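Engineer: Partial complex follows, first chain(s) only, in situ:
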Amino acid sequence: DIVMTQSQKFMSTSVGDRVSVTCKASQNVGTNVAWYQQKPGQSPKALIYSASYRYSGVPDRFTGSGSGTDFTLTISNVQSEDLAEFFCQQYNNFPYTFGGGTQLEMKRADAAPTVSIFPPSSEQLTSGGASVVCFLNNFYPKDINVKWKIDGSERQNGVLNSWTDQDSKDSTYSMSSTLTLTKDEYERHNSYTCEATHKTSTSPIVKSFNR
(Lines give C-alpha, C1' and ligand atoms only; values in the text may rest on other atoms or scores of the structure.)
Protein backbone atom coordinates (compact mmCIF):
# COMPACT_ATOMS: atom_id res chain seq x y z
CA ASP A 1 0.00 0.00 0.00
CA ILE A 2 0.93 3.68 -0.27
CA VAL A 3 2.37 5.29 2.87
CA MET A 4 1.75 9.00 3.39
CA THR A 5 4.35 10.51 5.71
CA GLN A 6 3.51 13.59 7.76
CA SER A 7 6.93 13.95 9.39
CA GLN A 8 5.68 16.52 11.94
CA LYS A 9 3.05 15.59 14.50
CA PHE A 10 3.03 19.10 16.02
CA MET A 11 3.67 22.54 14.53
CA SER A 12 3.78 25.68 16.66
CA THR A 13 2.87 29.12 15.36
CA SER A 14 1.61 32.55 16.37
CA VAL A 15 -1.55 34.25 15.15
CA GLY A 16 -1.01 35.72 11.69
CA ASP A 17 2.03 33.68 10.66
CA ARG A 18 2.34 31.11 7.86
CA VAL A 19 2.51 27.35 8.42
CA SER A 20 3.31 24.60 5.91
CA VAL A 21 2.35 20.96 6.54
CA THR A 22 4.40 18.57 4.41
CA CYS A 23 3.11 15.23 3.14
CA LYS A 24 5.30 12.72 1.28
CA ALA A 25 3.85 9.74 -0.57
CA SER A 26 5.81 6.51 -0.99
CA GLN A 27 4.50 6.19 -4.56
CA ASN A 28 3.59 8.51 -7.42
CA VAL A 29 -0.02 9.59 -6.81
CA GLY A 30 -0.10 12.41 -9.37
CA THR A 31 -2.29 15.17 -7.93
CA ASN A 32 -4.97 12.88 -6.43
CA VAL A 33 -4.20 14.12 -2.92
CA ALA A 34 -6.69 15.59 -0.45
CA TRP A 35 -6.26 17.57 2.77
CA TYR A 36 -8.57 17.39 5.79
CA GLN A 37 -9.05 19.43 8.96
CA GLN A 38 -10.51 17.97 12.16
CA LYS A 39 -11.30 20.51 14.86
CA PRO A 40 -11.87 19.11 18.37
CA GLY A 41 -15.19 17.32 18.81
CA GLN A 42 -15.94 17.58 15.08
CA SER A 43 -15.92 15.19 12.15
CA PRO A 44 -13.19 15.65 9.52
CA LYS A 45 -13.74 18.48 7.04
CA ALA A 46 -12.31 18.40 3.52
CA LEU A 47 -10.25 21.47 2.60
CA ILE A 48 -8.35 20.54 -0.58
CA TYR A 49 -8.96 18.10 -3.42
CA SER A 50 -6.82 17.41 -6.50
CA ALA A 51 -3.75 18.62 -4.55
CA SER A 52 -4.56 22.32 -5.00
CA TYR A 53 -8.32 22.89 -5.45
CA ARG A 54 -10.38 24.16 -2.52
CA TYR A 55 -13.77 22.82 -1.51
CA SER A 56 -16.68 25.25 -1.38
CA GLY A 57 -16.39 27.83 1.39
CA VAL A 58 -12.74 26.98 2.10
CA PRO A 59 -10.78 30.27 2.31
CA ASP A 60 -7.83 31.11 0.09
CA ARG A 61 -5.73 31.15 3.28
CA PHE A 62 -5.57 27.36 2.80
CA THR A 63 -3.37 26.62 -0.23
CA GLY A 64 -2.59 23.12 -1.46
CA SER A 65 0.43 22.40 -3.62
CA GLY A 66 2.60 19.60 -4.96
CA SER A 67 2.49 16.70 -7.38
CA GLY A 68 3.99 13.24 -7.60
CA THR A 69 5.13 12.47 -4.06
CA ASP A 70 5.75 15.82 -2.33
CA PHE A 71 2.68 17.70 -1.10
CA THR A 72 2.24 20.75 1.10
CA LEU A 73 -0.70 22.42 2.84
CA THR A 74 0.03 26.11 3.47
CA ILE A 75 -2.11 28.13 5.90
CA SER A 76 -1.73 31.90 5.61
CA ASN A 77 -2.68 34.28 8.44
CA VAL A 78 -3.24 31.41 10.85
CA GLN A 79 -5.98 32.07 13.39
CA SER A 80 -6.57 30.36 16.72
CA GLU A 81 -9.89 29.29 15.16
CA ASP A 82 -7.88 27.11 12.75
CA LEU A 83 -6.72 24.93 15.68
CA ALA A 84 -7.11 21.34 14.50
CA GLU A 85 -5.36 18.19 13.34
CA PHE A 86 -4.57 18.18 9.61
CA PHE A 87 -4.50 15.00 7.51
CA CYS A 88 -3.29 14.52 3.97
CA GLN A 89 -4.70 11.66 1.93
CA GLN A 90 -4.09 9.97 -1.42
CA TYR A 91 -6.98 8.61 -3.49
CA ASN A 92 -4.98 7.68 -6.60
CA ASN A 93 -4.88 3.97 -5.75
CA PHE A 94 -6.85 1.55 -3.60
CA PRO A 95 -6.82 1.53 -0.73
CA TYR A 96 -7.05 5.23 0.07
CA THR A 97 -4.54 6.05 2.81
CA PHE A 98 -4.18 8.99 5.19
CA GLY A 99 -1.14 10.67 6.63
CA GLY A 100 -0.44 10.44 10.34
CA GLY A 101 -1.85 13.88 11.11
CA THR A 102 -0.32 17.19 12.17
CA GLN A 103 -1.65 19.07 15.22
CA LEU A 104 -1.50 22.88 15.18
CA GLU A 105 -0.17 24.56 18.35
CA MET A 106 -0.65 28.28 19.02
CA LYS A 107 1.98 30.32 20.89
CA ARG A 108 0.56 33.26 22.94
CA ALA A 109 1.38 35.49 25.92
CA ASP A 110 1.65 33.69 29.25
CA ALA A 111 -1.54 33.65 31.32
CA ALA A 112 -2.37 32.65 34.91
CA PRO A 113 -5.20 30.17 35.58
CA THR A 114 -8.60 31.01 37.03
CA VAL A 115 -8.85 28.57 39.95
CA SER A 116 -12.21 27.56 41.42
CA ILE A 117 -12.83 24.97 44.14
CA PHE A 118 -16.13 23.15 44.67
CA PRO A 119 -17.14 21.15 47.78
CA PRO A 120 -18.84 17.77 47.30
CA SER A 121 -22.44 18.09 46.21
CA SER A 122 -25.23 17.32 48.66
CA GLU A 123 -26.46 14.61 46.28
CA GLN A 124 -23.17 12.71 46.06
CA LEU A 125 -22.81 12.67 49.85
CA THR A 126 -26.18 10.91 50.06
CA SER A 127 -24.51 8.04 48.11
CA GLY A 128 -21.44 7.48 50.32
CA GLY A 129 -19.08 9.32 47.98
CA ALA A 130 -17.37 12.70 48.28
CA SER A 131 -15.51 14.36 45.40
CA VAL A 132 -13.77 17.75 45.60
CA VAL A 133 -13.36 19.40 42.19
CA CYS A 134 -10.85 22.13 41.32
CA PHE A 135 -10.97 23.91 37.95
CA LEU A 136 -7.85 25.56 36.49
CA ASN A 137 -9.22 27.45 33.49
CA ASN A 138 -7.73 29.53 30.66
CA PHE A 139 -4.00 29.46 31.35
CA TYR A 140 -0.88 29.41 29.18
CA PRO A 141 1.44 27.68 28.81
CA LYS A 142 0.07 24.10 29.30
CA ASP A 143 2.67 23.08 31.96
CA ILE A 144 1.00 23.35 35.39
CA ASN A 145 0.97 21.52 38.73
CA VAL A 146 -1.91 21.02 41.17
CA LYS A 147 -1.45 20.18 44.85
CA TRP A 148 -4.26 19.04 47.15
CA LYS A 149 -4.09 19.64 50.90
CA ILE A 150 -6.43 18.40 53.63
CA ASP A 151 -6.13 20.29 56.94
CA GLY A 152 -2.76 21.58 55.77
CA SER A 153 -1.53 18.06 54.94
CA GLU A 154 -0.78 17.18 51.32
CA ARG A 155 -2.91 14.46 49.73
CA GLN A 156 -1.68 12.67 46.59
CA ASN A 157 -3.91 9.57 46.39
CA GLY A 158 -7.35 9.59 44.80
CA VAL A 159 -6.63 12.53 42.46
CA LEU A 160 -8.03 12.53 38.92
CA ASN A 161 -6.67 15.09 36.45
CA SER A 162 -7.90 16.03 32.98
CA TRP A 163 -6.68 18.54 30.38
CA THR A 164 -8.65 20.11 27.54
CA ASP A 165 -7.47 20.75 24.01
CA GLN A 166 -6.04 24.17 23.25
CA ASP A 167 -8.93 26.63 23.22
CA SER A 168 -9.66 27.71 19.65
CA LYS A 169 -10.83 31.14 20.88
CA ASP A 170 -7.96 32.38 23.09
CA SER A 171 -5.28 29.66 22.64
CA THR A 172 -5.36 28.82 26.36
CA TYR A 173 -5.47 25.49 28.19
CA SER A 174 -7.63 24.25 31.06
CA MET A 175 -7.34 21.52 33.67
CA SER A 176 -9.71 19.92 36.19
CA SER A 177 -8.43 18.15 39.31
CA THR A 178 -10.83 15.93 41.27
CA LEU A 179 -10.02 14.62 44.75
CA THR A 180 -12.31 11.72 45.68
CA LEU A 181 -12.75 10.35 49.20
CA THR A 182 -15.37 8.42 51.11
CA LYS A 183 -18.12 10.31 52.92
CA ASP A 184 -16.81 9.27 56.34
CA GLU A 185 -13.29 10.43 55.47
CA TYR A 186 -14.55 13.74 54.07
CA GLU A 187 -16.42 14.55 57.29
CA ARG A 188 -13.33 13.64 59.33
CA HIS A 189 -11.60 16.83 58.10
CA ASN A 190 -12.32 20.58 57.69
CA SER A 191 -9.75 22.34 55.44
CA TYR A 192 -9.69 21.35 51.71
CA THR A 193 -7.16 23.29 49.63
CA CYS A 194 -6.31 23.25 45.92
CA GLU A 195 -2.99 24.87 44.96
CA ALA A 196 -1.85 25.65 41.41
CA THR A 197 1.81 26.20 40.50
CA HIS A 198 2.41 28.01 37.21
CA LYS A 199 5.25 29.97 35.62
CA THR A 200 3.14 33.15 35.82
CA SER A 201 3.68 33.35 39.59
CA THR A 202 6.57 32.41 41.87
CA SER A 203 3.96 31.69 44.60
CA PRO A 204 1.08 29.22 44.19
CA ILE A 205 -2.53 30.24 43.62
CA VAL A 206 -4.60 28.97 46.54
CA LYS A 207 -8.32 28.20 46.72
CA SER A 208 -9.89 26.48 49.73
CA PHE A 209 -13.07 25.94 51.72
CA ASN A 210 -14.12 24.69 55.15
CA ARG A 211 -16.94 22.15 55.37
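Structural biologist: It's in. Numbering: from 1, shown residues only, chains lettered A, B, ... in the order given.
Engineer: can you give me the helices for chain A?
Structural biologist: A:122-125, A:183-187 (DSSP state H).
Engineer: winner for burial among those helices?
Structural biologist: Ranked by mean neighbour count, the helices of chain A are led by helix A:183-187 with a mean of 14 (mean count of other C-beta atoms under 10 Å). Every residue, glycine included, has its C-beta placed from N, CA and C.
Engineer: how far does stretch A:123-139 sit from the chain's center?
Structural biologist: Here stretch A:123-139 shows a centroid-to-chain-centroid distance of 23 Å under the convention C-alpha atoms, centre = their mean, to the nearest Å.
Engineer: mind listing what's buried in that stretch?
Structural biologist: Buried residues in stretch A:123-139, counted by 16 or more other C-beta atoms under 10 Å: A:130-136, A:138-139.
Engineer: do the same with stretch A:85-105
Structural biologist: Going by neighbour count (16+ other C-beta under 10 Å), the buried part of stretch A:85-105 is A:85-90, A:97, A:99, A:101-104.
Engineer: okay, how far is it across it, tip to tip?
Structural biologist: Terminal residues of stretch A:85-105 lie 10 Å apart, using C-alpha to C-alpha, to the nearest Å.
Engineer: So chain A: which segments form each domain?
Structural biologist: A:4-106, A:114-210 (curated CATH domains).
Engineer: Which residue, neighbours along the chain excluded, lies closest to the residue nearest the centre of chain A?
Structural biologist: Centroid-nearest residue in chain A: residue A:165, 2.1 Å away (criterion: C-alpha atoms, centre = their mean). Leaving aside its sequence neighbours, residue A:165 sits nearest to residue A:40 (C-beta to C-beta, 6 or more residues apart in numbering; 4.4 Å).
Engineer: contacting residues for that neighbour?
Structural biologist: A:83-84, A:165, A:168 (C-beta atoms under 8 Å, 6 or more residues apart in numbering).
Engineer: mind putting those residues in TSV, distance to residue A:123 included?
Structural biologist: TSV is the format used below for those (distance: C-beta to C-beta, whole Å):
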residue	distance to residue A:123
A:83	36
A:84	37
A:165	30
A:168	33
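Engineer: Among these, which are located in strands?
Structural biologist: Here DSSP state E is the test, and those give no hits in strands at all.
Engineer: Taking those residues, tell me the two that lie furthest apart.
Structural biologist: Farthest apart among the contacts of residue A:40 by C-beta to C-beta are A:84 and A:165. That separation is 9.5 Å.
Engineer: add chain B to the structure above:
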Amino acid sequence: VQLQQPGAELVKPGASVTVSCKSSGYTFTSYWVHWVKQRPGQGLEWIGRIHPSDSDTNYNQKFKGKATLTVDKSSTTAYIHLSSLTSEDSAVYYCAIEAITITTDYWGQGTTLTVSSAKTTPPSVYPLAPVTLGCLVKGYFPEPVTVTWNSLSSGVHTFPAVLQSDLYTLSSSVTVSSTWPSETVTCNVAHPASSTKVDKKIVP
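Structural biologist: The block that follows adds chain B to the chains above:
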Protein backbone atom coordinates in the same frame (compact mmCIF):
# COMPACT_ATOMS: atom_id res chain seq x y z
CA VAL B 1 -27.65 17.72 3.07
CA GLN B 2 -27.44 15.66 6.27
CA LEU B 3 -25.98 12.27 7.15
CA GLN B 4 -27.58 10.92 10.33
CA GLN B 5 -25.59 8.40 12.38
CA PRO B 6 -26.47 6.90 15.78
CA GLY B 7 -24.30 8.41 18.48
CA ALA B 8 -23.03 5.25 20.17
CA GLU B 9 -23.14 1.45 20.09
CA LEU B 10 -22.02 -1.00 22.79
CA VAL B 11 -21.49 -4.59 21.66
CA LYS B 12 -20.01 -7.64 23.38
CA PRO B 13 -16.87 -9.32 22.00
CA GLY B 14 -17.53 -11.87 19.27
CA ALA B 15 -20.91 -10.41 18.29
CA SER B 16 -21.82 -8.28 15.26
CA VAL B 17 -23.38 -4.85 14.72
CA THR B 18 -24.88 -2.74 11.93
CA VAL B 19 -24.37 1.04 11.87
CA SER B 20 -26.77 3.11 9.77
CA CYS B 21 -26.07 6.31 7.82
CA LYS B 22 -29.41 7.97 7.04
CA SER B 23 -29.06 10.62 4.33
CA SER B 24 -31.38 13.46 3.35
CA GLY B 25 -31.43 16.62 1.26
CA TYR B 26 -30.11 15.24 -2.05
CA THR B 27 -30.47 12.44 -4.58
CA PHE B 28 -29.27 9.40 -2.63
CA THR B 29 -28.26 7.47 -5.75
CA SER B 30 -25.93 10.20 -7.05
CA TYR B 31 -22.79 9.95 -4.91
CA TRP B 32 -20.46 7.32 -3.49
CA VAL B 33 -20.77 6.81 0.27
CA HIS B 34 -17.40 6.45 2.01
CA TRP B 35 -16.70 5.03 5.47
CA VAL B 36 -13.82 6.04 7.74
CA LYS B 37 -12.59 4.54 11.03
CA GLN B 38 -10.85 6.63 13.70
CA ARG B 39 -9.12 5.56 16.92
CA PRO B 40 -6.71 7.60 19.06
CA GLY B 41 -3.10 7.19 17.99
CA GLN B 42 -4.09 5.61 14.66
CA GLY B 43 -5.42 8.65 12.79
CA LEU B 44 -7.90 8.01 9.98
CA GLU B 45 -8.42 4.75 8.10
CA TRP B 46 -10.36 4.34 4.86
CA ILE B 47 -12.67 1.32 5.11
CA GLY B 48 -14.27 1.44 1.67
CA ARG B 49 -16.95 2.99 -0.50
CA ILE B 50 -20.31 1.98 -1.95
CA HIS B 51 -22.34 3.47 -4.79
CA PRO B 52 -26.05 3.32 -3.84
CA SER B 53 -27.19 3.15 -7.48
CA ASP B 54 -25.94 -0.43 -7.98
CA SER B 55 -24.18 -1.28 -4.67
CA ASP B 56 -20.79 -1.36 -6.40
CA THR B 57 -18.13 -1.52 -3.69
CA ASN B 58 -14.40 -1.02 -3.24
CA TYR B 59 -13.03 -2.40 0.04
CA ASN B 60 -9.85 -1.76 1.95
CA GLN B 61 -8.45 -5.30 1.99
CA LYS B 62 -7.61 -4.82 5.68
CA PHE B 63 -11.38 -4.74 6.34
CA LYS B 64 -12.42 -7.41 3.82
CA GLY B 65 -13.55 -10.06 6.30
CA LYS B 66 -14.72 -7.50 8.88
CA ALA B 67 -16.84 -4.83 7.16
CA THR B 68 -19.77 -5.23 4.76
CA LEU B 69 -21.31 -2.23 2.99
CA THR B 70 -24.98 -2.16 2.00
CA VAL B 71 -27.61 0.44 1.10
CA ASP B 72 -31.39 0.76 1.14
CA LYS B 73 -32.32 3.04 -1.77
CA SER B 74 -35.95 3.58 -0.77
CA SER B 75 -34.94 4.72 2.74
CA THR B 76 -31.85 6.60 1.43
CA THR B 77 -29.73 4.92 4.11
CA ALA B 78 -26.30 3.30 3.93
CA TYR B 79 -25.14 0.63 6.36
CA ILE B 80 -21.88 -0.91 7.54
CA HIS B 81 -21.91 -4.35 9.16
CA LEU B 82 -19.01 -5.46 11.37
CA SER B 83 -18.54 -9.15 12.16
CA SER B 84 -16.57 -11.10 14.87
CA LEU B 85 -16.09 -7.95 16.96
CA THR B 86 -13.06 -7.42 19.18
CA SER B 87 -11.77 -4.43 21.13
CA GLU B 88 -9.72 -3.64 18.01
CA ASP B 89 -12.99 -2.52 16.41
CA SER B 90 -13.69 0.04 19.15
CA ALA B 91 -13.55 3.35 17.26
CA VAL B 92 -15.61 6.15 15.74
CA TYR B 93 -17.10 5.28 12.35
CA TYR B 94 -17.94 8.10 9.94
CA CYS B 95 -19.96 8.02 6.75
CA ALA B 96 -19.27 10.72 4.18
CA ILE B 97 -20.29 11.76 0.67
CA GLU B 98 -18.97 14.25 -1.87
CA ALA B 99 -21.54 16.42 -3.65
CA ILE B 100 -20.74 18.26 -6.89
CA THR B 101 -23.11 20.88 -8.31
CA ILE B 102 -18.71 23.66 -6.55
CA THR B 103 -17.56 20.59 -4.57
CA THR B 104 -18.84 20.12 -1.00
CA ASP B 105 -18.35 17.32 1.51
CA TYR B 106 -20.89 16.10 4.06
CA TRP B 107 -20.12 13.92 7.08
CA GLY B 108 -22.07 12.14 9.76
CA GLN B 109 -21.45 12.85 13.42
CA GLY B 110 -19.67 9.50 13.72
CA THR B 111 -20.80 6.47 15.71
CA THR B 112 -18.69 5.71 18.79
CA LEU B 113 -18.57 1.91 18.84
CA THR B 114 -17.39 0.26 22.06
CA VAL B 115 -16.63 -3.47 22.06
CA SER B 116 -16.53 -4.58 25.70
CA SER B 117 -17.96 -7.19 28.05
CA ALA B 118 -18.93 -4.50 30.58
CA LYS B 119 -22.61 -3.60 31.00
CA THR B 120 -24.02 -0.13 30.35
CA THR B 121 -23.93 2.15 33.41
CA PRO B 122 -25.78 5.50 33.45
CA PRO B 123 -23.96 8.63 34.67
CA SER B 124 -24.53 10.05 38.14
CA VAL B 125 -24.81 13.83 37.72
CA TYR B 126 -23.83 16.16 40.55
CA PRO B 127 -24.12 19.97 40.58
CA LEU B 128 -21.00 21.98 41.46
CA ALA B 129 -21.71 25.27 43.23
CA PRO B 130 -19.33 27.56 45.19
CA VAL B 131 -19.09 33.21 38.78
CA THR B 132 -17.78 29.81 37.66
CA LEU B 133 -20.18 26.87 37.99
CA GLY B 134 -19.61 23.19 37.32
CA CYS B 135 -21.17 19.81 36.61
CA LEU B 136 -19.65 16.49 37.69
CA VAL B 137 -20.52 13.44 35.57
CA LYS B 138 -19.21 10.35 37.36
CA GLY B 139 -19.31 6.60 36.92
CA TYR B 140 -20.72 6.07 33.42
CA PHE B 141 -19.93 3.47 30.77
CA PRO B 142 -19.42 3.49 27.94
CA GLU B 143 -18.36 6.64 26.12
CA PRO B 144 -19.57 9.13 25.14
CA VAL B 145 -21.77 11.61 26.99
CA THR B 146 -23.01 14.94 25.65
CA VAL B 147 -23.23 17.79 28.16
CA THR B 148 -24.73 21.20 27.36
CA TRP B 149 -25.31 24.32 29.44
CA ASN B 150 -28.99 25.24 29.04
CA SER B 151 -27.93 27.11 25.61
CA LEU B 152 -24.62 28.56 26.87
CA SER B 153 -21.45 28.12 24.75
CA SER B 154 -18.83 30.75 25.65
CA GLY B 155 -17.01 30.13 28.95
CA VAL B 156 -17.60 26.38 28.68
CA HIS B 157 -14.87 23.85 29.44
CA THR B 158 -15.92 20.20 29.03
CA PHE B 159 -12.94 18.09 30.03
CA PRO B 160 -12.23 14.66 28.51
CA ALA B 161 -13.31 11.60 30.45
CA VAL B 162 -10.87 9.57 32.55
CA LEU B 163 -11.27 5.83 33.18
CA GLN B 164 -11.32 5.18 36.95
CA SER B 165 -12.14 1.66 38.21
CA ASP B 166 -13.61 0.68 34.83
CA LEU B 167 -16.00 3.66 34.77
CA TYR B 168 -15.66 7.04 33.08
CA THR B 169 -15.75 10.38 34.89
CA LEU B 170 -15.64 13.89 33.45
CA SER B 171 -16.47 17.41 34.57
CA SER B 172 -17.75 20.54 32.84
CA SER B 173 -17.25 24.14 33.97
CA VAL B 174 -19.48 27.06 32.91
CA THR B 175 -18.24 30.60 33.66
CA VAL B 176 -21.20 33.09 33.55
CA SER B 177 -21.20 37.66 38.75
CA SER B 178 -24.77 38.94 38.41
CA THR B 179 -26.13 36.26 36.07
CA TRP B 180 -26.30 33.57 38.76
CA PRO B 181 -28.63 33.18 40.53
CA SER B 182 -31.92 34.52 39.04
CA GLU B 183 -30.88 33.02 35.68
CA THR B 184 -31.58 29.29 35.92
CA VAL B 185 -28.33 27.54 34.99
CA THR B 186 -29.01 23.86 34.28
CA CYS B 187 -26.60 21.04 33.50
CA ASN B 188 -27.85 19.21 30.41
CA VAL B 189 -26.15 15.79 29.95
CA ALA B 190 -27.15 12.77 27.79
CA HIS B 191 -25.76 9.20 27.84
CA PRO B 192 -26.94 7.78 24.45
CA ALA B 193 -25.88 4.23 25.37
CA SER B 194 -27.91 3.88 28.62
CA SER B 195 -30.79 5.89 27.07
CA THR B 196 -30.48 8.08 30.15
CA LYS B 197 -30.99 11.85 30.16
CA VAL B 198 -30.57 13.91 33.34
CA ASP B 199 -31.28 17.57 34.14
CA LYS B 200 -29.64 19.14 37.20
CA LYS B 201 -30.04 22.81 38.12
CA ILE B 202 -27.06 24.55 39.71
CA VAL B 203 -28.40 25.98 42.98
CA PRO B 204 -26.62 28.02 45.70
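Engineer: again for the buried residues of stretch A:85-105, since chain B is there now?
Structural biologist: A:85-91, A:95-104 (16 or more other C-beta atoms under 10 Å in any protein chain shown).
Engineer: Intersect the residues you listed with the contacts of chain B.
Structural biologist: Residues of the buried residues of stretch A:85-105 in contact with chain B (C-beta under 8 Å from any C-beta of the partner chain): A:87, A:89, A:95-101.
Engineer: doesn't residue A:83 make contact with the residue nearest to the centre of chain A?
Structural biologist: Yes. Counting by C-beta atoms under 8 Å, residue A:165 does reach residue A:83; the two are 7.5 Å apart.
Engineer: Identify each buried residue in stretch B:87-103, please.
Structural biologist: For stretch B:87-103, by 16+ other C-beta under 10 Å, it's B:89-99.
Engineer: Same check on stretch A:47-63?
Structural biologist: A:47-49, A:51-52, A:54-55, A:58, A:62-63.
Engineer: That stretch vs chain B: in contact?
Structural biologist: Yes. Stretch A:47-63 lies within reach of chain B by C-beta under 8 Å from any C-beta, at A:49, A:53, A:55-57.
Engineer: Need the contact partners of that stretch.
Structural biologist: A:31-37, A:46, A:64-67, A:71, A:73-78, B:102-105 (C-beta atoms under 8 Å, 6 or more residues apart in numbering or on different chains).
Engineer: again, only this time at 6 Å
Structural biologist: For stretch A:47-63, the surrounding residues in contact (C-beta atoms under 6 Å, 6 or more residues apart in numbering or on different chains) are A:31, A:33-35, A:37, A:46, A:64-66, A:74-77, B:102-104.
Engineer: and residue B:69, how many neighbours does it have?
Structural biologist: A count of nearby residues for residue B:69, using other C-beta atoms under 10 Å in any protein chain shown, gives 24.
Engineer: correct me, but residue B:115 touches residue B:88?
Structural biologist: No. Judged on C-beta atoms under 6 Å, residue B:115 makes no contact with residue B:88 at a distance of 7.8 Å.
Engineer: And for residue A:69, nearest residue in space, chain neighbours not counted?
Structural biologist: Nearest residue to residue A:69, sequence neighbours excluded (C-beta to C-beta, 6 or more residues apart in numbering or on different chains): residue A:25, at 4.6 Å.
Engineer: residues in contact with that neighbour?
Structural biologist: A:2, A:4, A:69, A:90.
Engineer: interface residues of chain A facing chain B?
Structural biologist: A:43, A:46, A:55-56, A:87, A:94-96, A:98, A:100-101, A:116, A:118, A:121, A:123-124, A:133, A:135, A:137, A:160, A:162, A:164, A:174, A:176 (C-beta under 6 Å from any C-beta of the partner chain).
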